[PDB]
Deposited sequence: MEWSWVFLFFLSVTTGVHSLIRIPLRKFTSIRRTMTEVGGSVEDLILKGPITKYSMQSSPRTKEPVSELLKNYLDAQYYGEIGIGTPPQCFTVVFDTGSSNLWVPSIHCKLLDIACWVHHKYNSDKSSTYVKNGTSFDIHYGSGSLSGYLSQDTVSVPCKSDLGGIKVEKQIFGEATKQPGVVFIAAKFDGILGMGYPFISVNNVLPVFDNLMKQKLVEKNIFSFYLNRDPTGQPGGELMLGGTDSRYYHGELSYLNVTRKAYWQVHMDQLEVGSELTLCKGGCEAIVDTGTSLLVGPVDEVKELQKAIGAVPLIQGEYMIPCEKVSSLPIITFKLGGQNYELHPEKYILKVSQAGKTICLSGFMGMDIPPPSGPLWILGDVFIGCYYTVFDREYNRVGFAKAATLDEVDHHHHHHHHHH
């Protein structure tokens, strides 16, 4: 009864699986993003002269018998850029072909995607798996709608993200259960503080034994739609100096690959349990073979911030369970090889 969704892994930075929209299903690749709450894919009704209109697969409402028109225009903004379009209603299949059919799901037909962001993305769109409180246009999210249709037993979903770039599979989303093959030991849970993002209280962050960040407590979100670990700019700048990383030309922080195994252990201490990240795990190897820091400084302003983002680096190292029945997040050491 729980549904397994294969995930592809692009350079440890993007994790996306296949879904279907319409009857017959039109296949789209989406990032299952716990940092938003809307489902949107590109539309055929984009414009010939926009470059985003030539990149990803497009929703064609003519070819769907289950399509019904909503038409309400939407406009979505965030850090990297923005997109806009109008809403539609159709059946959503997970996966595109064991699977389930979510009926009467309102989503977004993106007709304009300015910026250079979406050109870099190997995925067509986004399926938000956050709370309804951050859903633009107050659109009932996919997971909320599927639980209303009682399509899985448990009001939970779980993420395995393989941080081995060449390994297979790239990851696995588990709708309605948890996959014990992909984690050792037992799960330990944190209560969600703010039901908007998957927000969590963090007691402190220890970079070795000489630098303590998030001093006196701070707030964090568990976000599968963010590649790296993100914290306040000033705090992460201390972290990069403590590990000796220097900013490159593009902004990435680099550290010589010889010095990796001599770098301190970084412990995220939240909710009575401690979560270790050894230097081999919070430092990425990119191609030349150059080693980059897994941390990124970004000031998220109020009311949402300041926030730490436990992105794919953290989730790829700890199997994560998102639980809407008891509003809590679970962690367990992910199985490797």
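Gaps in the model relative to the deposited sequence occur at 1-63, 161-163, 354-356, 407-420, listed in sequence order.
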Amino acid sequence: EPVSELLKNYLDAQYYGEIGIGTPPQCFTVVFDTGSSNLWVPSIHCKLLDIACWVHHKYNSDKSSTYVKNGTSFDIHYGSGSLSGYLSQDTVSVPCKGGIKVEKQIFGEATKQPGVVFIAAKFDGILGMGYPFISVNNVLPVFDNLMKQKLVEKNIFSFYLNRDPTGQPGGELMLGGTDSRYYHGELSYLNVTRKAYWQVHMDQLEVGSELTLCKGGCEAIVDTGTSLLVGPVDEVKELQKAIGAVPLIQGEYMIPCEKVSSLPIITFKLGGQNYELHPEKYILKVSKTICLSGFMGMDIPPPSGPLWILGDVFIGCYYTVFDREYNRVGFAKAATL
From here on, numbers count along this sequence of modelled residues.
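The PDB entry records a higher mean C-alpha B factor for 50-58 than for its counterpart among 34-42 and 50-58.
The deposited model assigns a higher average Cα B-factor to 118-126 than to the other stretch when 224-232 and 118-126 are compared. The entry assigns its greatest Cα B factor, within the set 177, 98, 171, 85, to 98. Per the PDB entry, 258 shows the highest C-alpha temperature factor of the residues 203, 258, 238, 144. When the modelled residues of the chain are ordered by C-alpha B-factor, residue 250 sits in the highest third. The deposited CA B-factor of residue 309 belongs to the lowest third of values across its chain. Remark: residue 81 belongs to the highest third of its chain, ranked by C-alpha B-factor as recorded. In the deposited entry, the Cα temperature factor of residue 14 places it in the lowest third of its chain's modelled residues.
Placement of the Cα temperature factor of residue 106 within the chain: highest third of the modelled residues, per the deposited record.
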